[PDB]
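*Asks:* Below: one structure in structure tokens.
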Ligand SMILES: CCCCCCCCCCCCCCCC
Ligand SMILES: CCCCCCCCCCCCCCCC
Ligand SMILES: CCCCCCCCCCCCCCCC
Ligand SMILES: CCCCCCCCCCCCCCCC
Ligand SMILES: CCCCCCCCCCCCCCCC
Ligand SMILES: CCCCCCCCCCCCCCCC
Ligand SMILES: CCCCCCCCC
Ligand SMILES: CCCCCCCCC
Ligand SMILES: CCCCCCCCC
Ligand SMILES: [Ca+2]
Ligand SMILES: [Cl-]
Ligand SMILES: [Cl-]
Ligand SMILES: [Cl-]
Ligand code: NA
């Protein structure tokens, strides 16, 4: 794999996992310190949700860096390297990111349940695909997961967007800016997976880990930076509970 075997354990991708760990930690601490001076009840909710996104990713990236939760999956004569913590991270952080968007939109808890449920199914079926032992199974689960993703993104771009519009220009503009990022950045994930080690195997583990790290840092720290600097986070919220 393209990279550098930092820990001397035969894993050049740890260069990228190490860089990712550091960036997630810096982002977490930045949001934490910024949050300490926040008093508004709504803004505190966005900070709490959003700090946890690179916070949990920090733990996942540190895990992966040290090789905790790394195993191999037999696919014919190949043994594909899978990091469980990548999927565990996404299982927690994608619902949190969607909750941020749902708070902005001020949508109801059944809408939120639908959104986060389909998102969880996306991650679970991606993991099933990653652990599957035939190409046909891996591609089939990938396709199912990708349909789940399209459903999530469609809901964001239609139902939640229309709800956010009613909340006035500040909230609408922030919702729209973040949704623009999400529709593009999230779609990059299935593309990378299917061209990478899990799918067609065009891209190797090194470049793939690098690019997932960039996507993860952008979709977490980048997203969070854009959200938390907006006046929209002062607007009234209704948590699902
Ligand atoms: C009042 C909000 C209603 C939200 C929509 C409820 C019906 C949606 C059913 C499930 C749709 C996702 C399919 C799961 C597989 C992609
Ligand atoms: C054990 C297969 C479960 C089938 C249930 C339907 C799930 C949705 C379609 C995706 C199933 C992929 C199976 C791939 C087998 C080669
Ligand atoms: C030959 C083994 C079965 C292949 C299953 C792959 C299909 C998985 C995706 C689900 C089917 C598409 C449904 C379209 C509705 C949006
Ligand atoms: C209003 C449309 C909602 C559904 C959108 C789902 C798919 C997102 C399309 C964006 C594709 C980005 C490709 C980037 C390639 C690097
Ligand atoms: C001998 C070791 C070579 C190390 C080369 C490192 C390349 C540059 C590091 C930055 C990687 C991309 C960072 C993306 C930030 C989201
Ligand atoms: C204004 C002070 C900046 C401190 C921010 C710390 C976060 C650093 C992590 C890198 C995040 C890059 C996101 C990429 C956005 C496209
Ligand atoms: C021999 C150790 C190489 C360390 C590379 C550092 C990458 C800069 C972010
Ligand atoms: C203290 C803020 C970050 C919390 C992250 C939770 C996961 C770390 C194990
Ligand atoms: C919650 C942090 C997970 C990573 C711990 C590293 C353990 C040392 C090898
Ligand atoms: Ca307020
Ligand atoms: Cl405040
Ligand atoms: Cl208040
Ligand atoms: Cl590679
Ligand atoms: Na290493």
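The chain as shown is numbered from 1 upward.
According to its header, this structure was worked out by X-ray crystallography, 1.1 Å.
Using N, Cα and C of the backbone, Cβ positions are placed for all residues, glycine too.
What Swiss-Prot lists as pyrrolidone carboxylic acid is 1. Among the features that Swiss-Prot reports, topological domain 'Extracellular' is placed at 1-12, 66-83, 132-135, 197-204, with the record citing similarity to another entry. Residues or ranges marked as transmembrane segment by Swiss-Prot on the basis of similarity to another entry: 13-34, 44-65, 84-105, 109-131, 136-164, 168-196, 205-237. Look at Swiss-Prot and you will find 35-43 tagged as topological domain 'Cytoplasmic'. The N6-(retinylidene)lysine annotation in Swiss-Prot covers 220.
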*Asks:* Taking DSSP states H, G and I as helix and E and B as strand, how many residues of the topological domain 'Extracellular' (132-135) are helix, strand and coil?
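*Replies:* Summed by class, the stretch gives 1 helix, 0 strand, 3 coil.
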*Asks:* Between the modified residues 1, 220, where is the Cβ count within 10 Å the lowest?
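*Replies:* Fewest other Cβ atoms within 10 Å, among the modified residues 1, 220, is found for 1.
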*Asks:* Kindly assign the residue listed as 'pyrrolidone carboxylic acid' to one of the three DSSP-derived states: helix, strand or coil.
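*Replies:* Looking at the DSSP assignment, the residue listed as 'pyrrolidone carboxylic acid' belongs to neither helix nor strand, so coil.
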*Asks:* Are the transmembrane segment (205-237) and the transmembrane segment (13-34) near each other by the rule of at least 3 C-beta pairs under 8 angstroms (pairs 6 or more apart)?
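*Replies:* The transmembrane segment (205-237) and the transmembrane segment (13-34): touching, yes.
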*Asks:* In whole Å, how far does the CA atom of residue 220 (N6-(retinylidene)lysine) lie from that of the residue listed as 'pyrrolidone carboxylic acid'?
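*Replies:* Spelling it out, the Cα of residue 220 (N6-(retinylidene)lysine) and the Cα of the residue listed as 'pyrrolidone carboxylic acid' are 25 Å apart.
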*Asks:* Using a Cβ cut-off under 8 Å, which residues of the same chain at least 6 positions beyond either end of the transmembrane segment (205-237) come close to it?
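*Replies:* For the transmembrane segment (205-237), the sequence-distant neighbours (Cβ-Cβ under 8 Å, at least 6 residues beyond its ends) are 1-3, 12-13, 16-17, 19-20, 23-24, 26-27, 31, 34-35, 40, 42-43, 45-47, 50-51, 53-54, 57, 61, 81, 86, 89, 93, 97, 100, 103-104, 106, 167, 170-171, 173-175, 177-178, 181-182, 185-186, 188-189, 192, 196-197.
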*Asks:* Sort the residues of the topological domain 'Cytoplasmic' (35-43) into helix, strand and coil with DSSP and give the three counts.
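*Replies:* With helix first, then strand, then coil, the topological domain 'Cytoplasmic' (35-43) has 5 helix, 0 strand, 4 coil.
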